[PDB]
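Okay, so here's the structure we're looking at.
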Amino acid sequence: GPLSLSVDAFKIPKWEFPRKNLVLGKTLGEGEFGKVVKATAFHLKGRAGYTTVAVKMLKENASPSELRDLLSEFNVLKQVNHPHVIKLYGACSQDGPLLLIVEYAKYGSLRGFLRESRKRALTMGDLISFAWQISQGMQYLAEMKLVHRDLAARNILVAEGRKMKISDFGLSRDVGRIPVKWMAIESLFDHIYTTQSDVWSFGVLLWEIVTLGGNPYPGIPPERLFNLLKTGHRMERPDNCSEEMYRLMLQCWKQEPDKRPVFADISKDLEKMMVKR
Amino acid sequence: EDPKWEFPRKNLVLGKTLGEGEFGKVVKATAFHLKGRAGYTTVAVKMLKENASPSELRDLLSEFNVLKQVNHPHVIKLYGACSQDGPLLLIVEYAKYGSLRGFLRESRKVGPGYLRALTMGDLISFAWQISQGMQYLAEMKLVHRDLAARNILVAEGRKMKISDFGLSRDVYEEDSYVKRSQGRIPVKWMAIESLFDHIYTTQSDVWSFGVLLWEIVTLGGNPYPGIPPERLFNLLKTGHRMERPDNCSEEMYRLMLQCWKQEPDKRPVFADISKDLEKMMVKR
Ligand SMILES: Nc1ncnc2c1ncn2[C@@H]1O[C@H](CO)[C@H]2OP(=O)(O)O[C@H]21
Ligand SMILES: Nc1ncnc2c1ncn2[C@@H]1O[C@H](CO)[C@H]2OP(=O)(O)O[C@H]21
């Protein structure tokens, strides 16, 4: 079937990394499809010495859909190069478990980074910078006709110099398992995913950023969200949030996808906020 | 919201989290005046986590929709649901010893151990009880799809209860369940035609049952030990199967191998598996 074909293709030069040059280290955690460990890679992509990397691999009780997701992440990330998308360095397909080798983000997920922060100390300026960097990577992805589908603060990584890196491409599709609370209303009711449903998820992410890692729709069971959204309910303006920022969020959550901003409009708005402040 | 099943939310009290399964979290609970039974009754409750996806909601509903229709001494009992004024909750029979995998693994450290005292006779009994439940489920035109020692529970009296119906599917129309998309059952318990061809039948449940048999005789051992799941595509197609474990008779191993025949029609059906296990029991 489709997976057995992808597996066999994968196991049969630009991306293949010698397994002997990879030294696995500390476990960082478990993602959408497997487990992530810190590692050092000797002579990665013509670089001197050891480069610190993150390595993705499957758990032993992996399902076909988890393996499909790993190979999907590899196949998407090969096509991508942007400062605010996590970089793929390669894969080990010839020696034991399949491994993907990716750029290491030393601060971990944006969500943890924020939850450990107070308003390190972060200013609204920082937060808008973070949002803009993500919106740039998203513009780039949308231009390439890739729909991410799983945009969330848990899926953005914070690299050296607090640079945002869009991560976790297991669910992305070259134009469901996405948590209900980050999904666009048409994705919930019609199962459609487009750049405009990525814009919806981006609005939930903005809300996460502004609340420094809050949990969306708190006290609302995801099973009860479908009906609340269809009748027009949205999250209220959070505590330390401007009218303009909240206007931006709300527009991401317009019922009609055509009435949502595009990522260029989202980037424009944050560039304007930055300079005017 | 079915009147034969809906239970007053105020009569249910949730306790500690027992773990997370295929679609959600399971919590120990107590229910007051449950199905005419006086006082409180200890139960297990299935619910969604806060970051639940549509597939996990759909799996919870699938478990409900299956358990509504089945009743067997070796299938976990559904007692009710709360589906109004809050999170959706399934209320099910509590199994005091937890999963079979856990119970067997504890038997390696907790005396009297494998000779809480377990013989091969007890293991055969456990496998037989599960085979009886599966024979009935197969009669009901259901495929479980996720048969594994982690999805069998051990209730009072060490009685086996087939559990975790989130991935179970109806085959009443065509005697097979087929999905275009990729499955969510761990690769190592999947039949070869489920893995390559996406086909699930009672005979792919038989294959999984054979993996469960191997788990049982190894006292909760890990299938295809040391083998990365992606290697199973090649490994199975080229005819390799797990080796006879140390604790296993020739007869018991022949049954496992019959469960893993490449041709599904060459595998035993659950009625015949139950018979093989009965024969083993009686001859000591
Ligand atoms: N490229 C990466 N660099 C550093 N950490 C990562 C990377 N990709 C994922 N992680 C971490 O793995 C976990 C599951 O996704 C999650 O927990 P974390 O440490 O907050 O950052 C993530
Ligand atoms: N009906 C039940 N009674 C008792 N424990 C249960 C029940 N259903 C599931 N579990 C337990 O929930 C956990 C995640 O699946 C897992 O850990 P365990 O205690 O080994 O048994 C399972």
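So for chain B, numbering is Swiss-Prot's, and the shown residues are 713-827, 844-1012, in order.
Cβ from N, Cα, C; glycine included.
Swiss-Prot lists B:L730, B:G731, B:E732, B:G733, B:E734, B:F735, B:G736, B:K737, B:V738 as binding ATP, and of B:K716, B:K747, B:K758 the one it places in that same site is B:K758. Here the candidates are B:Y864, B:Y981, and Swiss-Prot annotates B:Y981 as phosphotyrosine. In summary, of the candidate residues B:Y752, B:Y809, the record from Swiss-Prot lists phosphotyrosine for B:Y809, whereas the others have no such entry there. Between the listed residues B:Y826, B:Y928, Swiss-Prot assigns phosphotyrosine to B:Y826, with no corresponding entry for the rest in that record. In the shown protein chains, 22 other C-beta atoms lie within 10 A of the C-beta of B:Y806 (semaxanib binding site). Sequence-distant neighbours of B:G736 (ATP binding site) (same chain, six or more apart, CB under 8 Å from its CB) are B:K758, B:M759, B:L760, B:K761, B:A764, B:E768, B:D771, B:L772, listed in sequence order. Applying an 8 A CB threshold to same-chain residues 6+ apart, the list for B:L730 (ATP binding site) reads B:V738, B:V739, B:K740, B:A756, B:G810.
For the recorded site, B:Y981 (phosphotyrosine), the DSSP three-state label reads helix.
For ligand 2, the neighbouring recorded positions among B:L730, B:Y806, B:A807, B:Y900 are B:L730, B:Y806, B:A807, by Cβ distance under 6 Å. The ATP-binding residues named in the record, B:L730, B:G731, B:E732, B:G733, B:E734, B:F735, B:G736, B:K737, B:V738, B:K758, extend over a maximum Cα to Cα distance of 14 Å. Summarising the environment of B:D874 (active site, proton acceptor), the number of other Cβ atoms within 10 Å of its Cβ, over all protein chains shown, is 25. Cβ neighbour counts within 10 Å, taken over all protein chains shown, single out B:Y905 as the most crowded of the modified residues B:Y809, B:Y826, B:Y905.
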